[PDB]
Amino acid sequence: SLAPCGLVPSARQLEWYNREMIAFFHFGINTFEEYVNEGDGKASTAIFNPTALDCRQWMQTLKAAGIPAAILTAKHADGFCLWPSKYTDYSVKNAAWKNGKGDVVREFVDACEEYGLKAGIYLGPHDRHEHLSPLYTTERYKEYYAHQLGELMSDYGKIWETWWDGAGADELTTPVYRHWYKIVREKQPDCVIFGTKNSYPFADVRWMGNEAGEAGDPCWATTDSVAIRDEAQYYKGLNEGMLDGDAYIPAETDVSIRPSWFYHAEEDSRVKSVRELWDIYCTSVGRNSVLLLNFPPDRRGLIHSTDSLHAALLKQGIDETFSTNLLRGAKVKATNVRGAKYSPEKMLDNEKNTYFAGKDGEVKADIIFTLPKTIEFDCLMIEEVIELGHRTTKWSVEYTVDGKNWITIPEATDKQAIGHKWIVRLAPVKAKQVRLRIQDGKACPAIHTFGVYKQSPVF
């Protein structure tokens, strides 16, 4: 058996990585003002009044889109709570909605269970509403948040992610988050924590420093924990990470399907095209990250059908593209091969549990795929055995037609990270043989999957 190299993912981190995609639902009182994305905590609760709320409709959207998990904003910075908390009146308890008899968080988790989706909770650390109170102190707010966190972590089923937005959260110190952390971990042991700034010792996943949907190239699962803390001074450390990082905290890539995070009818026309989403997929999931994609429910409490459709067509395109590994049926020759179990053909067998590996101390490998009939492809994907840490740190891919000269693929020359998944899109080539070059590493390669593909017409 192989020994792990450097730092390793936890079981939670493995589970989160497997999700590949997660949905954000930015929904609340901001939705009921005119073009507001950051509420001041002064809006009247009365204006909250979705006219046809149906979280099952949201799940339908995720189902068609292939998205196994969702995160709802139970409370944004504006302070308005989407469940009838016992610790505040600034909530659905006093909305016009259902005569103050409603609970959105309840309808969200219920629908999640009905559809077999993983439920996550966004609970805004910085709270503009509480700051309005003349009795506000960090110490008091700590206890307030704890209680709410307690409710959401206890009365609402299993919670797979808790999100801690860093905006306006600088005042919050590390022991505050420690109190909150104890509550989450104790009550929801499987819960992944997106943690920012002073929450850094508790974060299972990290921000990657932008909202364009673009993780770093490269993007290591590892980085220094202080990069999470001193955010505005470590862009590269959040976005690219660090191979010699003192912590295994992989990056989560958050992006909205619309220009804003909250819903605004004026943006019905600026919903991201299927192609844009494919790009963002390739610069997130295909960059050793996870794509957290936002769909804002409207004033009916529903996902706009353009948002749904585009996401669904993304799914369809991804399914076409990766439906056939064009490398299959190849004769496979490789230097540095550990054994029969670890044979390079395991990169093509579609088993979750098999992989190609090298010999101890040997970090390089050359693997040739000779194809029965020449193929055309404009896309490739590679996956590492992430339980064994970041092993390979430099890789390239070449192909050939004649069999004489090798041709470098520009977009796939001298790549560094592999991680959970790396995807490269390229100017379409025709090839009879494909060469996978493992050029460097901290250890011998462990590679689950390698494939080349033809991108779907949908894209």
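Heads up: residue numbers just count along the shown sequence, starting at 1.
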Segment of higher mean CA temperature factor, 169 to 177 or 85 to 93: 169 to 177
Please compare 56 to 64 with 392 to 400 and name the stretch with the higher mean C-alpha B-factor in the deposited structure. 392 to 400
Taking the Cα B-factors listed in the entry, which of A119, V290, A340, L302 comes out highest? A340
By the CA temperature factor listed in this entry, which of these ranks top: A146, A77, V385, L309? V385
For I22, the third of its chain by CA B-factor is the lowest
Ranked C-alpha temperature factor of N49 among modelled chain residues, by third: middle
Considering every modelled residue of the chain and its Cα B-factor in the PDB entry, is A203 in the lowest, middle or highest third? middle
Where does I423 sit by CA temperature factor within its chain: lowest, middle or highest third? middle
Split into thirds by Cα B-factor across the chain's modelled residues, where does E130 land: lowest, middle or highest? lowest
